[PDB]
Protein chains: 2
Amino acid sequence: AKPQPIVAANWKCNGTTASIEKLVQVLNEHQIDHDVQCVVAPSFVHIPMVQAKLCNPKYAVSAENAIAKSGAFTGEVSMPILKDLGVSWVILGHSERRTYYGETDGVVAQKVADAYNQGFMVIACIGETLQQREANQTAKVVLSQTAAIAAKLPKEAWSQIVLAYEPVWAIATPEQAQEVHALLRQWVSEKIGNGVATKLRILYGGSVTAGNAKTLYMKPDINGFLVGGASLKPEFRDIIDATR
Amino acid sequence: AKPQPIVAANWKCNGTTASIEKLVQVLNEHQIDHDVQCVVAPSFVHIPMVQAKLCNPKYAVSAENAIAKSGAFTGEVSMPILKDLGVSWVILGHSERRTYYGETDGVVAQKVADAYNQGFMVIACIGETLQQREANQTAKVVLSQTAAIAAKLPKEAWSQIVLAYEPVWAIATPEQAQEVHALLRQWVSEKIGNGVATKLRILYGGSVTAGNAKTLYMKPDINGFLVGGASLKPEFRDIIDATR
Ligand SMILES: [As]
Ligand SMILES: [As]
């Protein structure tokens with residue numbers, strides 16, 4: 001018994017008009033005959049061409065980041081602007097943004113609350129570094145990151161939340177991934193509620209390929225993927241098939 | 001005797017599909033009969049619709065920010081991606097990005113060098129805070145910011161550089177603006193070269209409206225504008241006319 005799986009593409013800061021048109025065509029031709037939420041997150045400037053060309057009924061378009069409000073924030077894209085554009089998914093707290101772009105736990109938690117309150121589906125990213133893993137701090141870190149997010153949310157917000165676990169420490173066996181997912185679900189179950197925990201999607205966001213996806217999705221607490229490199233390739237289709 | 005003026009719109013983090021279509025239509029109908037480089041910088045997600053609808057022969061589209069390279073930089077837009085898209089202008093070092101998003105002098109200077117080397121026109125922003133102005137540090141600060149940028153550039157790069165002076169301290173009389181522009185030009189003249197200084201555009205990026213633009217452009221060291229709030233309005237056309 002699992003909730004609806006999600007297979008999300010994080011294109012990060014990659015792509016050309018040519019490469020995106022070729023990829024979206026193949027994604028459009030792929031017949032998906034099971035209940036799965038597919039997500040593509042392009043770079044901001046590619047969002048329009050993706051919205052225009054993507055016809056696959058299982059897909060939604062997501063942003064890779066956002067700020068809460070419109071105004072004098074040169075270079076940033078706000079959640080109101082995204083909604084006007086027709087985008088209602090957003091990735092927040094990706095490890096790259098936590099590492100390079102000043103997104104502390106509190107910044108991430110406030111962004112998630114803002115997205116929730118403006119009616120977004122949120123893929124919120126957590127995960128521990130190699131230094132943190134080698135000091136035995138996996139549980140403390142992922143639970144503390146999740147706790148920061150949970151602190152700004154009412155119980156009913158969780159239908160709009162998806163967690164994505166990034167094993168930053170590896171940039172992992174399916175068993176190491178399962179152990180962290182289980183630990184996350186246990187926390188949500190005890191602290192937030194049993195019903196909320198059952199229904200929550202916890203996506204694996206380490207290295208996902210056509211080669212390992214099926215074995216990863218066999219695990220009871222893995223509800224799909226936040227895919228990096230392989231989501232720039234026709235291989236993404238096979239990763240979607242692996243959640244049958 | 002002045003170099004070609006530039007009138008650049010910084011839309012910051014503002015706009016709807018509806019408001020942009022209405023604005024671009026009016027900008028498209030505006031007949032401009034003098035030599036001026038017009039620039040529109042939309043939020044990243046609006047770049048496609050602006051490129052698609054904007055027909056005015058005096059305009060180029062600009063990004064409001066960028067990073068140097070494509071790759072694993074979730075949420076950011078790279079200069080290669082912009083070029084593939086057909087964008088060859090970029091605003092860098094805006095005060096909002098210096099203040100809120102970690103852009104030190106060195107970060108800004110490296111971004112400007114990267115843009116130069118990838119063939120962009122760059123509007124590089126400098127300016128001092130109220131605290132800096134009240135401690136008599138206007139010259140030191142704007143010259144130190146310009147120096148950080150100049151340090152990463154060969155002499156021949158300056159044909160691709162435009163400076164924009166932001167009087168952050170006011171968020172200013174035309175005479176206070178002129179005094180800073182003159183001081184910037186003097187520095188470039190003595191340190192970089194007389195020929196480079198004559199030809200360089202120094203844009204005023206404080207509060208510009210249809211009401212004050214003509215008086216501002218009368219000043220000998222002001223070569224146009226980086227416009228904030230008024231560039232979201234039909235008033236922008238009159239600001240363009242003021243550089244006749
Ligand atoms: As189709
Ligand atoms: As036209």
# chains A, B, ... in the order shown; residues from 1 in each chain; ligands from 1
call {"tool": "select_by_dssp", "arguments": {"residues": "segment 145-211 of chain B", "states": "helix (DSSP H, G or I)", "output": "ChimeraX atom specification"}}
result
/B:145-150,155-160,168-170,174-191,194-199
call {"tool": "write_last_selection", "arguments": {"atoms": "N, CA, C and O atoms", "output": "compact mmCIF listing (two decimals), in the first residue's frame"}}
result
# COMPACT_ATOMS: atom_id res chain seq x y z
N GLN B 145 34.09 49.69 -6.08
CA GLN B 145 33.21 48.76 -6.79
C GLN B 145 33.58 48.66 -8.27
O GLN B 145 33.68 47.55 -8.78
N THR B 146 33.79 49.82 -8.92
CA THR B 146 34.22 49.90 -10.32
C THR B 146 35.59 49.25 -10.50
O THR B 146 35.81 48.53 -11.47
N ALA B 147 36.50 49.49 -9.52
CA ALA B 147 37.85 48.94 -9.55
C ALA B 147 37.84 47.41 -9.50
O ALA B 147 38.67 46.78 -10.18
N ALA B 148 36.95 46.83 -8.68
CA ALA B 148 36.80 45.38 -8.58
C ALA B 148 36.42 44.78 -9.94
O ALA B 148 36.99 43.76 -10.35
N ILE B 149 35.51 45.45 -10.66
CA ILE B 149 35.10 45.04 -12.00
C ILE B 149 36.23 45.21 -13.02
O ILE B 149 36.53 44.29 -13.79
N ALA B 150 36.82 46.42 -13.05
CA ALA B 150 37.92 46.71 -13.96
C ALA B 150 39.08 45.72 -13.78
O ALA B 150 39.79 45.41 -14.73
N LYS B 155 41.58 45.96 -21.42
CA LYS B 155 41.18 47.28 -21.88
C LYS B 155 40.09 47.23 -22.95
O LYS B 155 39.19 48.05 -22.96
N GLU B 156 40.20 46.27 -23.89
CA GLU B 156 39.28 46.17 -25.02
C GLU B 156 37.87 45.68 -24.61
O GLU B 156 36.96 45.75 -25.41
N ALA B 157 37.68 45.18 -23.38
CA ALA B 157 36.37 44.72 -22.93
C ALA B 157 35.36 45.86 -22.74
O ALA B 157 34.15 45.60 -22.74
N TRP B 158 35.84 47.11 -22.62
CA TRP B 158 35.01 48.23 -22.18
C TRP B 158 33.97 48.61 -23.24
O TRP B 158 32.95 49.21 -22.89
N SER B 159 34.16 48.23 -24.51
CA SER B 159 33.12 48.46 -25.50
C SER B 159 31.88 47.63 -25.16
O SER B 159 30.83 47.87 -25.70
N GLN B 160 32.02 46.63 -24.29
CA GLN B 160 30.89 45.77 -23.91
C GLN B 160 30.34 46.12 -22.52
O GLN B 160 29.40 45.46 -22.02
N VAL B 168 21.69 54.28 -3.85
CA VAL B 168 21.00 53.39 -2.91
C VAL B 168 20.53 54.25 -1.73
O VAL B 168 19.46 54.01 -1.19
N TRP B 169 21.35 55.26 -1.38
CA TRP B 169 21.15 56.16 -0.25
C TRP B 169 19.80 56.87 -0.26
O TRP B 169 19.43 57.48 0.74
N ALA B 170 19.10 56.84 -1.40
CA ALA B 170 17.84 57.52 -1.57
C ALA B 170 16.67 56.55 -1.70
O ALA B 170 15.58 56.99 -2.00
N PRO B 174 19.52 66.16 -9.71
CA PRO B 174 20.37 65.92 -10.88
C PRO B 174 21.84 66.29 -10.69
O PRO B 174 22.69 65.71 -11.35
N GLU B 175 22.13 67.27 -9.81
CA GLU B 175 23.50 67.76 -9.57
C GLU B 175 24.31 66.74 -8.76
O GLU B 175 25.49 66.55 -9.04
N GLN B 176 23.69 66.12 -7.74
CA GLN B 176 24.29 65.01 -6.99
C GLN B 176 24.56 63.79 -7.90
O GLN B 176 25.59 63.14 -7.76
N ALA B 177 23.63 63.47 -8.82
CA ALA B 177 23.84 62.41 -9.81
C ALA B 177 25.02 62.75 -10.72
O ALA B 177 25.95 61.95 -10.82
N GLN B 178 25.03 63.96 -11.33
CA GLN B 178 26.14 64.42 -12.17
C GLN B 178 27.50 64.34 -11.45
O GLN B 178 28.51 63.96 -12.07
N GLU B 179 27.55 64.73 -10.17
CA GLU B 179 28.81 64.73 -9.44
C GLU B 179 29.39 63.31 -9.40
O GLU B 179 30.59 63.14 -9.58
N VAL B 180 28.55 62.27 -9.15
CA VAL B 180 29.03 60.89 -9.08
C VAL B 180 29.43 60.37 -10.48
O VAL B 180 30.49 59.73 -10.62
N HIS B 181 28.59 60.61 -11.50
CA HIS B 181 28.94 60.27 -12.87
C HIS B 181 30.29 60.87 -13.27
O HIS B 181 31.13 60.15 -13.78
N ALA B 182 30.53 62.16 -12.99
CA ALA B 182 31.78 62.84 -13.34
C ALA B 182 32.97 62.14 -12.68
O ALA B 182 33.99 61.93 -13.32
N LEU B 183 32.81 61.81 -11.40
CA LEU B 183 33.82 61.16 -10.57
C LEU B 183 34.14 59.76 -11.12
O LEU B 183 35.30 59.38 -11.20
N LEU B 184 33.10 58.99 -11.52
CA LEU B 184 33.29 57.70 -12.19
C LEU B 184 34.07 57.88 -13.51
O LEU B 184 35.01 57.12 -13.79
N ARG B 185 33.68 58.85 -14.35
CA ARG B 185 34.32 59.01 -15.65
C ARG B 185 35.80 59.40 -15.51
O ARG B 185 36.64 58.92 -16.27
N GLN B 186 36.09 60.29 -14.55
CA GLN B 186 37.45 60.73 -14.22
C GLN B 186 38.33 59.52 -13.91
O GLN B 186 39.44 59.38 -14.42
N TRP B 187 37.80 58.60 -13.10
CA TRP B 187 38.53 57.42 -12.69
C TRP B 187 38.87 56.55 -13.91
O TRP B 187 39.99 56.09 -14.11
N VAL B 188 37.85 56.30 -14.74
CA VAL B 188 38.05 55.44 -15.90
C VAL B 188 39.07 56.10 -16.85
O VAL B 188 39.93 55.40 -17.41
N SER B 189 38.96 57.44 -17.00
CA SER B 189 39.85 58.23 -17.84
C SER B 189 41.31 58.11 -17.38
O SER B 189 42.16 57.77 -18.18
N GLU B 190 41.59 58.37 -16.09
CA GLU B 190 42.94 58.29 -15.55
C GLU B 190 43.45 56.84 -15.52
O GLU B 190 44.64 56.61 -15.75
N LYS B 191 42.62 55.85 -15.12
CA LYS B 191 43.14 54.52 -14.83
C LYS B 191 43.08 53.60 -16.06
O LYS B 191 43.90 52.72 -16.17
N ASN B 194 41.73 57.54 -21.70
CA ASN B 194 40.94 58.70 -22.08
C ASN B 194 39.87 58.33 -23.11
O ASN B 194 38.72 58.81 -23.03
N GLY B 195 40.26 57.49 -24.09
CA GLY B 195 39.36 57.10 -25.17
C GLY B 195 38.21 56.25 -24.63
O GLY B 195 37.05 56.44 -24.98
N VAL B 196 38.55 55.33 -23.72
CA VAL B 196 37.57 54.45 -23.11
C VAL B 196 36.54 55.26 -22.32
O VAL B 196 35.36 54.93 -22.35
N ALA B 197 36.98 56.28 -21.58
CA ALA B 197 36.13 57.11 -20.75
C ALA B 197 35.13 57.93 -21.57
O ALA B 197 33.98 58.11 -21.16
N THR B 198 35.60 58.49 -22.70
CA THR B 198 34.74 59.28 -23.56
C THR B 198 33.57 58.43 -24.03
O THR B 198 32.43 58.89 -24.09
N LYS B 199 33.87 57.19 -24.41
CA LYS B 199 32.92 56.34 -25.11
C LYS B 199 31.99 55.57 -24.16
O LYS B 199 30.95 55.09 -24.58
call {"tool": "residues_around", "arguments": {"residues": "residue 5 of chain B", "least_positions_apart": "4", "cutoff": "10 Å", "atoms": "only C-alpha atoms", "output": "list in words"}}
result
residues 34, 35, 36, 37, 38, 200, 201, 202, 203, 217, 222, 223, 224, 225, 240, 243 and 244 of chain B
call {"tool": "select_by_dssp", "arguments": {"residues": "segment 140-209 of chain B", "states": "strand (DSSP E)", "output": "ChimeraX atom specification"}}
result
/B:161-165,201-204
call {"tool": "write_last_selection", "arguments": {"atoms": "N, CA, C and O atoms", "output": "short mmCIF file (atom, residue, chain, number, x, y, z; two decimals), in the first residue's frame"}}
result
data_model
loop_
_atom_site.label_atom_id
_atom_site.label_comp_id
_atom_site.auth_asym_id
_atom_site.auth_seq_id
_atom_site.Cartn_x
_atom_site.Cartn_y
_atom_site.Cartn_z
N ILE B 161 30.90 47.16 -21.89
CA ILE B 161 30.53 47.56 -20.54
C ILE B 161 29.73 48.88 -20.56
O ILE B 161 30.08 49.85 -21.21
N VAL B 162 28.69 48.89 -19.74
CA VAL B 162 27.89 50.06 -19.40
C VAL B 162 27.85 50.13 -17.88
O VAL B 162 27.57 49.11 -17.25
N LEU B 163 28.15 51.29 -17.29
CA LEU B 163 27.95 51.42 -15.85
C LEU B 163 26.55 52.00 -15.57
O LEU B 163 26.03 52.81 -16.33
N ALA B 164 25.95 51.55 -14.46
CA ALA B 164 24.73 52.11 -13.93
C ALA B 164 24.94 52.45 -12.45
O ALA B 164 25.25 51.59 -11.62
N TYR B 165 24.81 53.76 -12.14
CA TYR B 165 24.98 54.28 -10.79
C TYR B 165 23.64 54.27 -10.07
O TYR B 165 22.70 54.94 -10.49
N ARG B 201 29.21 54.43 -21.58
CA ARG B 201 27.93 54.90 -21.09
C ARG B 201 27.86 54.72 -19.58
O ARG B 201 28.02 53.59 -19.09
N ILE B 202 27.54 55.83 -18.87
CA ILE B 202 27.23 55.83 -17.43
C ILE B 202 25.77 56.24 -17.29
O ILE B 202 25.43 57.40 -17.52
N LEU B 203 24.92 55.25 -16.96
CA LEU B 203 23.49 55.40 -16.81
C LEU B 203 23.14 55.74 -15.37
O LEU B 203 23.66 55.16 -14.42
N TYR B 204 22.19 56.66 -15.25
CA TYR B 204 21.63 56.97 -13.95
C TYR B 204 20.52 55.99 -13.61
O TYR B 204 19.56 55.83 -14.37
#
call {"tool": "residues_around", "arguments": {"residues": "residue 131 of chain A", "least_positions_apart": "2", "cutoff": "12 Å", "atoms": "only C-alpha atoms", "output": "VMD selection string"}}
result
chain A and resid 127 to 129 133 to 138 141 167 to 170
call {"tool": "write_last_selection", "arguments": {"atoms": "C-alpha atoms", "output": "PDB file, in the first residue's frame"}}
result
ATOM      1  CA  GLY A 127      19.664  15.673   3.164  1.00  0.00           C
ATOM      2  CA  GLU A 128      22.964  15.433   4.988  1.00  0.00           C
ATOM      3  CA  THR A 129      26.571  16.080   3.841  1.00  0.00           C
ATOM      4  CA  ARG A 133      27.153  11.380   7.744  1.00  0.00           C
ATOM      5  CA  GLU A 134      30.663  10.460   8.951  1.00  0.00           C
ATOM      6  CA  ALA A 135      29.922  12.122  12.365  1.00  0.00           C
ATOM      7  CA  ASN A 136      26.825   9.841  12.757  1.00  0.00           C
ATOM      8  CA  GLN A 137      24.429  12.790  12.283  1.00  0.00           C
ATOM      9  CA  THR A 138      22.119  11.502   9.463  1.00  0.00           C
ATOM     10  CA  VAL A 141      20.229  16.502  10.343  1.00  0.00           C
ATOM     11  CA  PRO A 167      22.089  11.860  -0.103  1.00  0.00           C
ATOM     12  CA  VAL A 168      24.431  14.838  -0.552  1.00  0.00           C
ATOM     13  CA  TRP A 169      27.119  12.587   1.026  1.00  0.00           C
ATOM     14  CA  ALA A 170      27.346  10.670  -2.272  1.00  0.00           C
TER      15      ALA A 170
END
call {"tool": "residues_near_ligand", "arguments": {"ligand": "ligand 2", "cutoff": "10 Å", "atoms": "only C-alpha atoms and all ligand atoms", "output": "VMD selection string"}}
result
chain B and resid 24 to 25 27 to 30 53 to 57
call {"tool": "write_last_selection", "arguments": {"atoms": "C-alpha atoms", "output": "short mmCIF file (atom, residue, chain, number, x, y, z; two decimals), in the first residue's frame"}}
result
data_model
loop_
_atom_site.label_atom_id
_atom_site.label_comp_id
_atom_site.auth_asym_id
_atom_site.auth_seq_id
_atom_site.Cartn_x
_atom_site.Cartn_y
_atom_site.Cartn_z
CA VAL B 24 4.86 45.80 -24.95
CA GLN B 25 2.07 46.78 -27.41
CA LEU B 27 6.24 50.21 -26.56
CA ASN B 28 5.91 48.66 -30.05
CA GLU B 29 3.72 51.58 -31.30
CA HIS B 30 6.17 54.22 -30.05
CA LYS B 53 6.00 40.19 -28.90
CA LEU B 54 8.59 43.02 -28.92
CA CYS B 55 9.09 44.42 -32.44
CA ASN B 56 10.45 47.94 -31.76
CA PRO B 57 13.74 48.17 -33.76
#
call {"tool": "interface_residues", "arguments": {"of": "chain B", "to": "chain A", "cutoff": "10 Å", "atoms": "only C-alpha atoms", "output": "VMD selection string"}}
result
chain B and resid 10 to 18 41 to 49 63 to 67 69 to 78 80 to 85 91 to 97 100 to 103 228 to 229
call {"tool": "atom_distance", "arguments": {"atom1": "atom CA of residue 50 of chain B", "atom2": "atom CA of residue 20 of chain B"}}
result
7.6 Å
call {"tool": "residues_around", "arguments": {"residues": "residue 152 of chain A", "least_positions_apart": "5", "cutoff": "8 Å", "atoms": "only C-alpha atoms", "output": "list in words"}}
result
residues 109, 110 and 113 of chain A
call {"tool": "residues_around", "arguments": {"residues": "residue 212 of chain B", "least_positions_apart": "2", "cutoff": "10 Å", "atoms": "only C-alpha atoms", "output": "PyMOL selection string"}}
result
chain B and resi 173-174+207-210+214-217+239+242
call {"tool": "atom_distance", "arguments": {"atom1": "atom CA of residue 206 of chain B", "atom2": "atom CA of residue 166 of chain B"}}
result
5.3 Å
call {"tool": "atom_distance", "arguments": {"atom1": "atom CA of residue 87 of chain B", "atom2": "atom CA of residue 7 of chain B"}}
result
17.0 Å
call {"tool": "decode", "arguments": {"residues": "segment 126-149 of chain A", "atoms": "N, CA and C atoms", "output": "mmCIF file, in the first residue's frame"}}
result
data_model
loop_
_atom_site.group_PDB
_atom_site.id
_atom_site.type_symbol
_atom_site.label_atom_id
_atom_site.label_comp_id
_atom_site.auth_asym_id
_atom_site.auth_seq_id
_atom_site.Cartn_x
_atom_site.Cartn_y
_atom_site.Cartn_z
ATOM 1 N N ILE A 126 15.623 17.847 1.605
ATOM 2 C CA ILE A 126 16.436 17.686 2.807
ATOM 3 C C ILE A 126 17.553 16.697 2.472
ATOM 4 N N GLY A 127 18.608 16.660 3.297
ATOM 5 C CA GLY A 127 19.664 15.673 3.164
ATOM 6 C C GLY A 127 20.946 16.119 3.854
ATOM 7 N N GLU A 128 21.775 15.141 4.204
ATOM 8 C CA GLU A 128 22.964 15.433 4.988
ATOM 9 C C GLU A 128 24.226 15.303 4.133
ATOM 10 N N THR A 129 25.253 16.104 4.470
ATOM 11 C CA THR A 129 26.571 16.080 3.841
ATOM 12 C C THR A 129 27.388 14.833 4.254
ATOM 13 N N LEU A 130 28.535 14.598 3.585
ATOM 14 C CA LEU A 130 29.447 13.504 3.937
ATOM 15 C C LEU A 130 30.024 13.741 5.346
ATOM 16 N N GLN A 131 30.384 14.993 5.682
ATOM 17 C CA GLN A 131 30.903 15.336 7.013
ATOM 18 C C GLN A 131 29.866 14.992 8.089
ATOM 19 N N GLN A 132 28.602 15.358 7.834
ATOM 20 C CA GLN A 132 27.524 15.071 8.762
ATOM 21 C C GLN A 132 27.318 13.556 8.850
ATOM 22 N N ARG A 133 27.362 12.828 7.718
ATOM 23 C CA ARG A 133 27.153 11.380 7.744
ATOM 24 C C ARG A 133 28.291 10.673 8.509
ATOM 25 N N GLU A 134 29.534 11.126 8.314
ATOM 26 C CA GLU A 134 30.663 10.460 8.951
ATOM 27 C C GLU A 134 30.746 10.747 10.454
ATOM 28 N N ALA A 135 30.089 11.826 10.941
ATOM 29 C CA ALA A 135 29.922 12.122 12.365
ATOM 30 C C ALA A 135 28.641 11.497 12.932
ATOM 31 N N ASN A 136 28.022 10.519 12.242
ATOM 32 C CA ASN A 136 26.825 9.841 12.757
ATOM 33 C C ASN A 136 25.618 10.775 12.923
ATOM 34 N N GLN A 137 25.468 11.790 12.057
ATOM 35 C CA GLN A 137 24.429 12.790 12.283
ATOM 36 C C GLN A 137 23.324 12.752 11.207
ATOM 37 N N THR A 138 23.157 11.633 10.481
ATOM 38 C CA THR A 138 22.119 11.502 9.463
ATOM 39 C C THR A 138 20.725 11.808 10.008
ATOM 40 N N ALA A 139 20.281 11.081 11.042
ATOM 41 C CA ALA A 139 18.971 11.277 11.638
ATOM 42 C C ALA A 139 18.795 12.698 12.160
ATOM 43 N N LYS A 140 19.762 13.180 12.963
ATOM 44 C CA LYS A 140 19.655 14.505 13.547
ATOM 45 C C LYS A 140 19.450 15.561 12.449
ATOM 46 N N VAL A 141 20.230 15.465 11.365
ATOM 47 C CA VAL A 141 20.229 16.502 10.343
ATOM 48 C C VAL A 141 18.937 16.444 9.535
ATOM 49 N N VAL A 142 18.561 15.281 8.972
ATOM 50 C CA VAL A 142 17.366 15.241 8.128
ATOM 51 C C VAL A 142 16.115 15.546 8.974
ATOM 52 N N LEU A 143 16.094 15.088 10.243
ATOM 53 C CA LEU A 143 14.937 15.342 11.092
ATOM 54 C C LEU A 143 14.888 16.836 11.467
ATOM 55 N N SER A 144 16.050 17.479 11.696
ATOM 56 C CA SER A 144 16.110 18.894 12.057
ATOM 57 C C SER A 144 15.674 19.781 10.867
ATOM 58 N N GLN A 145 16.041 19.387 9.643
ATOM 59 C CA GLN A 145 15.631 20.092 8.425
ATOM 60 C C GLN A 145 14.123 19.986 8.201
ATOM 61 N N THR A 146 13.571 18.758 8.346
ATOM 62 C CA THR A 146 12.136 18.497 8.235
ATOM 63 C C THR A 146 11.370 19.258 9.315
ATOM 64 N N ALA A 147 11.935 19.284 10.542
ATOM 65 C CA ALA A 147 11.323 19.968 11.682
ATOM 66 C C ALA A 147 11.205 21.476 11.438
ATOM 67 N N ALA A 148 12.241 22.077 10.834
ATOM 68 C CA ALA A 148 12.227 23.496 10.484
ATOM 69 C C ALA A 148 11.062 23.819 9.543
ATOM 70 N N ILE A 149 10.836 22.945 8.553
ATOM 71 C CA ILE A 149 9.722 23.086 7.620
ATOM 72 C C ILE A 149 8.370 22.867 8.307
#
